[PDB]
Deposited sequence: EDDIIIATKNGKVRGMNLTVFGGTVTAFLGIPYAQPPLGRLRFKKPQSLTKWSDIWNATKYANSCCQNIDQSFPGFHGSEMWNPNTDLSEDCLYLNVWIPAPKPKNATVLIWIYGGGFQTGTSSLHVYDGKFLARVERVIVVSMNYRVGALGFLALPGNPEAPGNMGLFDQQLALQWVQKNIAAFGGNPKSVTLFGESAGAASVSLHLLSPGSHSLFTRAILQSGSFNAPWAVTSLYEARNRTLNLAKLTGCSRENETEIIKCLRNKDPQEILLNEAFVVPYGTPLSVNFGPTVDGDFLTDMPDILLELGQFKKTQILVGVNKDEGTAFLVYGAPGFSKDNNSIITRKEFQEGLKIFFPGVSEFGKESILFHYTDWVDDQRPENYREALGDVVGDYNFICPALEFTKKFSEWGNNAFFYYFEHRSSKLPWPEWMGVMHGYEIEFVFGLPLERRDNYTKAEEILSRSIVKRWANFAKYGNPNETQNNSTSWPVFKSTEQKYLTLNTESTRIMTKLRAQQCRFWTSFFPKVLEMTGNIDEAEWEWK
């Protein structure tokens, strides 16, 4: 099994998937390894290789800090990289159905994290099911995370910012120039990603360089207008200097600061990343996208409001309990080992952790808007209240807002609200429908009947899988005897719920809560 790429040949492997076969290529390199003097620089193009590259194993994962908060716990360790870490990590994966097609539509995955972690080789990102069941080609790449991917000295090509974004862009360029040889259609390419990946996707809509490299976009629990998504030009600079000071690299010329940083062991850069910002929360993006004047020629909010982006169809949505995951990593009184009931004042110190710079007036206005109880007793009210605060502000409200303004320019947008909790979800029952736990359903994992998912979950997974694939192909997320999914329009603003019971059409998702974040919190 061998395919001819424009930089040399690559050998794949056959996978057995539901009585059929999927042709998979794991670990095709798409750029020069960013080592030594190439550290912190935009990815450089590759030269041809004479012999055969064996793409039969997942490549290295990009350098990153590892979540070791809960040793032995699957809930956290399932997100930890499952291959060796290395600065040599610019590779991608390609899955193809068997037999092979002539012009299949292509789905490209951009993994999530806080831009600090993640890799394409995770079990939940396995594209072989998607290749078998809907006969699409599935691509996923590794991109640089943390300071190695997003360190910024604006105007200076030695570390300009958004390197990790340019990695993604280079992988998309690779698909354009190579995917036809695999039987793919470069004129029908759909990006999708979760959280930071979804925000990465939304950034590709803004950036001129990415205009011609894909067709449509899917944004799961993320967008660039999320409060955590983009760092100001000034706060990025403050973090680069904090990092240099912490690494014994403080200088006067910055050209020499970068020189010093290039001599540091990767671990010394990684292990200091947490300290570059004082108000460190688990939602902190220490090094993420910034306005570099290259990938982002201007402030994202401005570009969105002026409508200077790629005009195309989008699929957008969020989970029911996006906030809970972040509460167990710092907020007081919360644990995965108890029911995590908290008191009015525990709620208050929580708000102080997630809103460090906000006045006590503002942390009271917030407390106000989220205590108009339906039931006075509970006592779980506050534990769910703080959850909803984080979730609404960090994920749900920015997403509705992004979808509203994107639709305003005459493009079809579709919005979803994912309400089902996995029967195998390793976290406690109070955390609900968590950040990131729609991903296994999008990748068709419950289709594996030997895998301890319920029948109801397989049916649901099949719907999402079908809808996602049809959206990629046709621009409309329809199924087969299935609820018709309507466009999100700024007037009526309809969205679809996804659960095992009854998939309904509804309106004005959490419009009351999002009212506060969009039209009052900015004035505090």
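Give the ranges of the deposited sequence, numbered from 1, for which the structure holds no C-alpha coordinates, in sequence order. In the chain as deposited, 1-3, 484-485, 530-544 carry no coordinates.
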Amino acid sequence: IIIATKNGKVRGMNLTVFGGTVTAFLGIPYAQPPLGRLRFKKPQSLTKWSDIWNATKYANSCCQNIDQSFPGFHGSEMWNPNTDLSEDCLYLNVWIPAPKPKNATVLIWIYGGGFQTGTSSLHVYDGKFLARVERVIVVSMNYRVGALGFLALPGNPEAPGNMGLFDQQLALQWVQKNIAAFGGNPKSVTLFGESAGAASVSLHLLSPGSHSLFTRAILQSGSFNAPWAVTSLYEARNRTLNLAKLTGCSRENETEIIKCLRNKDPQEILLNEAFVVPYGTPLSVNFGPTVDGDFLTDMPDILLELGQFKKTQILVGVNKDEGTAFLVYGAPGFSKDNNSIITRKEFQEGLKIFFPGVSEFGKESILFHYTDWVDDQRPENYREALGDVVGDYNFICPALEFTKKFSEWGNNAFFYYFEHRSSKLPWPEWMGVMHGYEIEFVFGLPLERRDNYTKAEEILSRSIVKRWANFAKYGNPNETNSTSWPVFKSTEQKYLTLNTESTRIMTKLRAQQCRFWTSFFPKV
From here on, numbers count along this sequence of modelled residues.
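Would you tell me which stretch averages the higher CA B-factor in the PDB entry, 303-311 or 440-448? Result: 303-311.
Of the two stretches 377-385 and 82-90, which shows the higher Cα B-factor on average in the entry? Result of the comparison: 377-385.
Which listed residue, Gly114, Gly127, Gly149, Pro99, has the largest C-alpha temperature factor in the record? In this record, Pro99 carries the highest C-alpha B-factor of the candidates.
Of the options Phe402, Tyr417, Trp109, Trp174, which has the highest CA B factor as deposited? In this record, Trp174 carries the highest C-alpha B-factor of the candidates.
What third of its chain's C-alpha B-factors does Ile505 belong to: lowest, middle or highest? Middle third, going by the recorded CA B-factors of the chain.
Chain third (lowest, middle, highest) by recorded CA B-factor, residue given as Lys187: Highest third - that is where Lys187 ends up once the chain's C-alpha B-factors are sorted.
Cα B factor band for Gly391 (lowest, middle or highest third within the chain): Lowest third, going by the recorded CA B-factors of the chain.
If you rank the chain by CA B-factor, which third does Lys345 end up in: lowest, middle or highest? For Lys345, whose C-alpha B-factor we compare with every modelled residue in the chain, the answer is the highest third.
Taking only the Cα B-factors deposited for this chain, tell me whether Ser207 sits in the lowest, middle or highest third. Highest third of the chain for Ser207's C-alpha B-factor.
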